[PDB]
K.L.:
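Quick one: the structure is below, questions incoming.
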Amino acid sequence: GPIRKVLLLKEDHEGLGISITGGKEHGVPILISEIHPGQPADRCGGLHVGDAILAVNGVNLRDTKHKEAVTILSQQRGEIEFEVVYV
Amino acid sequence: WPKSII
């Protein structure tokens with residue numbers, strides 16, 4: 001689908017509210033496998049199961065290993081920009 | 001594949 005830019009607002013006591021799978025070592029993108037109800041990703045409205053996360057706050061995740069992506073994603077705070085695409 | 005809750 002079209003590449004989308006999506007804003008997410010997270011408080012410091014919360015996670016992103018997603019589960020991710022995939023990663024470079026598996027030959028697939030970082031993919032959203034779950035959106036957890038009521039948590040920041042669900043609340044932001046623009047992130048969905050099946051979206052590939054191409055970048056977060058300008059950091060490209062297209063060639064990142066699974067655990068690299070976890071570290072990068074979990075470091076982001078506050079107003080967080082995502083670049084995503086549903087394929 | 002691995003799954004991480006984040």
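Every chain is numbered from 1, with letters handed out A, B, ... down the list of sequences.
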K.L.:
Could you pull out all residues at least two apart from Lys3(B) that satisfy salt bridge (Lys or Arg N to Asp or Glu O under 4.0 Å)?
P.N.:
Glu34(A)
K.L.:
Using the salt bridge (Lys or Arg N to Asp or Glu O under 4.0 Å) criterion, which residues pair with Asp63(A)? Sequence neighbours excluded.
P.N.:
none
K.L.:
Can you hop from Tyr86(A) to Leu61(A) via hydrophobic side chains spaced under 4.5 Å?
P.N.:
no
K.L.:
Just verifying a value: how many Å separate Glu79(A) CD and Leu9(A) CG, rounded to the nearest 0.5 Å?
P.N.:
5.0 Å
K.L.:
Report yes or no: do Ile32(A) and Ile5(B) belong to one cluster of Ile/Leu/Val/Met/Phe/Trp/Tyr joined by side chain heavy-atom distances under 4.5 Å?
P.N.:
no
K.L.:
Of the non-hydrogen atoms in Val28(A) and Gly22(A), which two are nearest, and what is the gap between them?
P.N.:
CG2-CA, 3.5 Å
K.L.:
Tell me, do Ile18(A) and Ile53(A) make a side-chain contact under 4.5 Å, heavy atoms counted?
P.N.:
yes
K.L.:
Can you tell if the side chain of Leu16(A) reaches within under 4.5 Å of the side chain of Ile80(A), non-hydrogen atoms only?
P.N.:
yes
K.L.:
Using the rule that two of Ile, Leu, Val, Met, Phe, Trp, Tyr join whenever any of their side-chain heavy atoms come within less than 4.5 Å, decide whether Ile3(A) and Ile30(A) are in one cluster.
P.N.:
no
K.L.:
Salt-bridge test for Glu11(A) and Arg43(A): reply yes if a basic N is under 4.0 Å from a carboxylate O, no otherwise.
P.N.:
no
K.L.:
Between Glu25(A) (side chain) and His66(A) (backbone), is there a donor-acceptor pair under 3.5 Å?
P.N.:
yes
K.L.:
Is any side-chain heavy atom of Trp1(B) closer than 4.5 Å to a side-chain heavy atom of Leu31(A)?
P.N.:
yes
K.L.:
Would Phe82(A) end up clustered with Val59(A) when hydrophobic side chains under 4.5 Å apart are linked, directly or stepwise?
P.N.:
yes
K.L.:
List the atom of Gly17(A), the atom of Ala41(A), and the distance in Å for their closest heavy-atom pair.
P.N.:
O-CB, 3.9 Å
K.L.:
In the structure I gave you, are the side-chain heavy atoms of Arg77(A) and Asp12(A) within less than 4.5 Å of one another anywhere?
P.N.:
yes
K.L.:
Can you give me the closest heavy-atom contact between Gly1(A) and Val85(A), atom names plus distance?
P.N.:
O-CG2, 3.1 Å
K.L.:
Within the 4.5 Å heavy-atom criterion, are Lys10(A) and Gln76(A) side-chain neighbours or not?
P.N.:
no
K.L.:
Can you confirm whether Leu54(A) sits close enough to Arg62(A) that some side-chain heavy atom of one is under 4.5 Å from a side-chain heavy atom of the other?
P.N.:
yes
K.L.:
Can you name the closest pair of heavy atoms from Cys44(A) and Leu47(A) and give their distance?
P.N.:
SG-CG, 3.9 Å
K.L.:
Less than 4.5 Å apart, side chain to side chain, heavy atoms only: is that true for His26(A) and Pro2(B)?
P.N.:
yes
K.L.:
If I take atom CG from residue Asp51(A) and atom CD from residue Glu83(A), how far apart are they, to the nearest 0.5 angstrom?
P.N.:
12.0 Å
